[PDB]
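Q: Quick one, upload-v3.cif (mmCIF, C-alpha atoms):
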data_structure
#
loop_
_atom_site.label_atom_id
_atom_site.label_comp_id
_atom_site.auth_asym_id
_atom_site.auth_seq_id
_atom_site.Cartn_x
_atom_site.Cartn_y
_atom_site.Cartn_z
CA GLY A 1 -22.74 -3.69 68.03
CA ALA A 2 -25.99 -3.88 66.06
CA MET A 3 -28.24 -5.96 68.38
CA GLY A 4 -30.00 -7.51 65.37
CA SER A 5 -30.93 -10.87 63.83
CA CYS A 6 -30.75 -12.43 60.35
CA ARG A 7 -32.36 -15.87 60.66
CA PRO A 8 -33.72 -15.81 57.06
CA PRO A 9 -30.91 -15.30 54.48
CA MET A 10 -31.76 -13.19 51.43
CA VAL A 11 -28.47 -13.40 49.55
CA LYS A 12 -24.84 -14.05 50.54
CA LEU A 13 -22.44 -11.12 49.90
CA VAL A 14 -18.74 -12.00 50.00
CA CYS A 15 -16.06 -9.55 51.14
CA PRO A 16 -13.53 -8.76 48.30
CA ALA A 17 -9.75 -9.19 48.66
CA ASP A 18 -8.17 -6.55 46.39
CA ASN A 19 -11.39 -4.52 46.49
CA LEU A 20 -11.65 -4.21 42.69
CA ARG A 21 -15.37 -5.06 42.86
CA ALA A 22 -16.66 -2.38 45.30
CA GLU A 23 -20.28 -3.71 45.61
CA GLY A 24 -21.56 -1.30 42.94
CA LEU A 25 -22.33 1.97 44.74
CA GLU A 26 -21.24 4.16 47.68
CA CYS A 27 -21.77 3.83 51.43
CA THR A 28 -25.30 3.04 52.59
CA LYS A 29 -27.78 5.71 53.73
CA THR A 30 -29.55 6.39 57.03
CA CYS A 31 -32.11 9.04 58.09
CA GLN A 32 -29.11 10.57 59.91
CA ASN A 33 -26.29 9.89 57.46
CA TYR A 34 -28.57 10.54 54.49
CA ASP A 35 -26.66 13.82 54.27
CA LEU A 36 -24.02 12.93 56.95
CA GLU A 37 -20.98 11.20 55.44
CA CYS A 38 -20.35 7.66 56.65
CA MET A 39 -16.89 6.72 57.91
CA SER A 40 -15.21 4.26 55.48
CA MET A 41 -17.10 0.98 55.90
CA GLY A 42 -15.20 -2.01 57.29
CA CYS A 43 -16.61 -5.19 55.70
CA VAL A 44 -19.79 -4.62 57.75
CA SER A 45 -22.06 -7.36 56.46
CA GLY A 46 -25.68 -6.95 57.52
CA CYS A 47 -29.29 -7.51 56.45
CA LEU A 48 -31.91 -4.79 56.02
CA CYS A 49 -34.47 -3.18 53.71
CA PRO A 50 -33.41 -3.35 50.00
CA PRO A 51 -31.31 -0.46 48.51
CA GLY A 52 -33.00 2.98 48.34
CA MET A 53 -34.08 2.94 52.01
CA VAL A 54 -32.62 4.28 55.29
CA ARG A 55 -32.34 2.82 58.82
CA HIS A 56 -34.36 4.23 61.74
CA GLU A 57 -35.04 2.68 65.15
CA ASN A 58 -34.29 -0.73 63.57
CA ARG A 59 -37.47 -0.01 61.61
CA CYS A 60 -37.11 0.11 57.83
CA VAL A 61 -38.42 3.38 56.38
CA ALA A 62 -37.66 5.59 53.40
CA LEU A 63 -36.44 9.19 53.62
CA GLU A 64 -40.05 10.25 52.99
CA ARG A 65 -41.50 7.88 55.62
CA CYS A 66 -38.98 9.10 58.19
CA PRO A 67 -40.89 10.82 61.12
CA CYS A 68 -39.90 13.79 63.28
CA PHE A 69 -37.80 13.25 66.43
CA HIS A 70 -38.67 15.20 69.60
CA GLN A 71 -35.93 15.31 72.26
CA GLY A 72 -35.58 11.53 72.70
CA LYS A 73 -39.37 11.25 72.37
CA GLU A 74 -40.95 10.20 69.05
CA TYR A 75 -44.52 11.42 68.50
CA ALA A 76 -46.63 9.90 65.72
CA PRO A 77 -45.88 11.77 62.40
CA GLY A 78 -48.40 13.97 60.60
CA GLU A 79 -49.58 15.09 64.04
CA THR A 80 -49.03 18.33 65.92
CA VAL A 81 -47.92 19.63 69.30
CA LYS A 82 -48.38 22.97 71.07
CA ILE A 83 -45.29 25.08 71.85
CA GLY A 84 -46.56 28.20 73.61
CA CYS A 85 -48.83 30.10 71.20
CA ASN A 86 -47.42 28.74 67.94
CA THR A 87 -48.24 25.17 66.84
CA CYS A 88 -46.98 23.01 63.98
CA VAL A 89 -47.51 19.61 62.31
CA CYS A 90 -44.76 17.00 61.95
CA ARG A 91 -44.34 16.55 58.20
CA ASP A 92 -41.21 15.98 56.14
CA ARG A 93 -38.86 15.41 59.10
CA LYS A 94 -39.13 19.17 59.86
CA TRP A 95 -41.68 21.28 61.66
CA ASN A 96 -44.35 22.49 59.27
CA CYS A 97 -45.92 25.45 61.00
CA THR A 98 -49.29 26.55 59.73
CA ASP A 99 -48.36 30.11 58.69
CA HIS A 100 -50.08 32.29 61.26
CA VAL A 101 -48.14 33.93 64.10
CA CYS A 102 -48.78 35.12 67.67
CA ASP A 103 -46.23 37.95 67.61
#
Please re-express this file's structure in structure tokens.

A:
Amino acid sequence: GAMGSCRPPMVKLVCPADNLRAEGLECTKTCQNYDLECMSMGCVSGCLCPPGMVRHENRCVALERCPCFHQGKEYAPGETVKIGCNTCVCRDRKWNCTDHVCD
């Protein structure tokens, strides 16, 4: 289940038999699995951004270009929201709060 398309072929990658070729690296990376181990891959052939990138919302972005996720809702990155008295700006996948406090 990947609800995707691959009309234009980039390159054909053939599944090995005795697995003595192992592509040439380890499992792929995603904004979620970047640090979360992937379960042994089963000849899952697919197309996507070249190596060194991660998958997000079917949109190809790099770990740096990965935005901040807000409870199912995704607000444009580099922007800010108000949570009570303290406010912060979405930068680097984590909340970057200004520095001041209301306590």

Q: Between A:54, A:15, A:6, A:20, which residue has the minimum interatomic distance to residue 41 of chain A, considering all atoms listed in the file?

A: A:15

Q: Return the single residue from A:61, A:38, A:22, A:90 that is closest to residue 77 of chain A, with distances computed using all atoms listed in the file.

A: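 Nearest candidate to residue 77 of chain A out of A:61, A:38, A:22, A:90: A:90.
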
Q: Determine the residue set returned by the PyMOL selection byres ((chain A and resi 66-70) around 8) for the present structure, and present it as a PyMOL selection string.

A: chain A and resi 31+56+61-65+71-77+90-95

Q: Exactly which residues make up the result of the PyMOL selection byres ((chain A and resi 26) around 12) on this file, given as a PyMOL selection string?

A: chain A and resi 21-25+27-29+34+37-41+51-52

Q: Could you list, as a VMD selection string, every residue matched by the PyMOL selection byres ((chain A and resi 14) around 10) in this structure?

A: chain A and resid 11 to 13 15 to 17 23 43 45

Q: Between atom CA of residue 79 of chain A and atom CA of residue 60 of chain A, measure the distance and give it in Å to one decimal.

A: 20.5 Å

Q: One decimal, in Å: what's the spacing between atom CA of residue 59 of chain A and atom CA of residue 33 of chain A?

A: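 Atom CA of residue 59 of chain A sits 15.5 Å away from atom CA of residue 33 of chain A.
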
Q: A:35, A:83, A:10, A:18: which is nearest residue 49 of chain A, counting only C-alpha atoms?

A: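 Closest residue, counting only C-alpha atoms: A:10.
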
Q: Rounded to one decimal, what separation in Å do you get between atom CA of residue 102 of chain A and atom CA of residue 86 of chain A?

A: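 According to the coordinates, atom CA of residue 102 of chain A and atom CA of residue 86 of chain A are separated by 6.5 Å.
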